[PDB]
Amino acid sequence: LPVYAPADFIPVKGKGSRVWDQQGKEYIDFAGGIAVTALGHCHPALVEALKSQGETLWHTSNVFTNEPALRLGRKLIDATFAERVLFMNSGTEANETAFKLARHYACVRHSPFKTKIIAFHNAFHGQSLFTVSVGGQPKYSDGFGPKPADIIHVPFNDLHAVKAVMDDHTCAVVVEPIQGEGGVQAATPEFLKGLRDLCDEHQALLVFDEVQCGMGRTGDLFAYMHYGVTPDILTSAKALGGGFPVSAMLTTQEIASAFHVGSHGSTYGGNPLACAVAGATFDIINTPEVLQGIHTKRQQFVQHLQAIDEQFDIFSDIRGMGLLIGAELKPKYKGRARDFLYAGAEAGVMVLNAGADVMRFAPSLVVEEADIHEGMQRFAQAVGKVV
């Protein structure tokens, strides 16, 4: 079921896209802690930001703002559709805030009865009771007592099904532009544009969960930029802090104004230390050169995956965007993704799954070409052991 490391695989040190365990075994990291360490391990600029802000101020609570948070908010506002930002500590918290905001906006602007949230089968939005109920895997939301109601699930990429369930009582459509956990499935252009049009028609808010696909992962700062479809609310985490727990919810002034003092909050969220680190991360990722490199690097990975398939005949599809890569296993290898993952680890390469039938890769956005080649040769060796 779940993927867990045995007692003899405990990471102790990381540098760039290499990780060492307690026994001193070296691994190439194509997993990034599940798409989190977007600039690799102990990146000098992030370490510098951590250490310098760490000497100055870590935390004051939202009885105050702080300079790192202000600077980061400004950067996100200048670079995106956002006019207002809220910082939290995790993707789950950012999504909680987004879903509460869409609900509350509908309640105060339209009607307390405008509560339906449309979400998608196989969606992943976090593991809080509300976010896991918006998530589209019933196995993970069962067994915790009464779920928050008025959430409807339809298939990802099925625009007709969305049209069928939406109405004037709908407050939000929540979608991952690419479903990372859900087999690395990208929205089609017509589907994503269709969501925008339906939200406009029903006065519902379009919420993009970009926790996994945002902050450079796709080769644009946010995936919405690739599609040219602007959401009402967007969430970001993971890559945002490069390994430091931080998240953000982005929206407009008109929507943000539905909140009042006390509508939401967080003790740690908006943290000067977190925001100093996320600022350094942002300054590196949001450059033409790094964003270009993500596309170059994607093709380096894809060519290796194609070569592996040519030799071993294991993949039916290679998909994703930028450095979120999915490789779907052929029917002959249905349900074997975990076995390829563990074989990878034996061979000294860390990879991911995206369901039992899909290999996933989410390396550092600055992973060195030499590391791509070495790690993919290790992965080819692992595939050879499995087949």
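Start at 1 and count along the sequence shown; that's the residue number.
Checked against the record, the higher mean CA B factor of 41-49 and 66-74 lies with 66-74.
Legend: mean Cα B-factor per stretch from the PDB entry, 309-317 versus 288-296; the higher mean is in 309-317.
Taking the PDB entry at face value, the top CA B factor among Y140, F156, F130, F144 belongs to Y140. Taking only the listed residues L240, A223, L205, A256, the entry reports the highest CA temperature factor at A256. In the PDB entry, a CA B factor belonging to the highest third of its chain's modelled residues is recorded for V261.
When the modelled residues of the chain are ordered by their C-alpha B factor, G126 lands in the lowest third. In this PDB entry, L365 carries a Cα temperature factor that places it within the lowest third of its chain's modelled residues. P177 sits in the lowest third of its chain by CA B factor, as recorded in the PDB entry. Ranked within its chain, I233 lands in the lowest third, by CA B factor from the PDB record.
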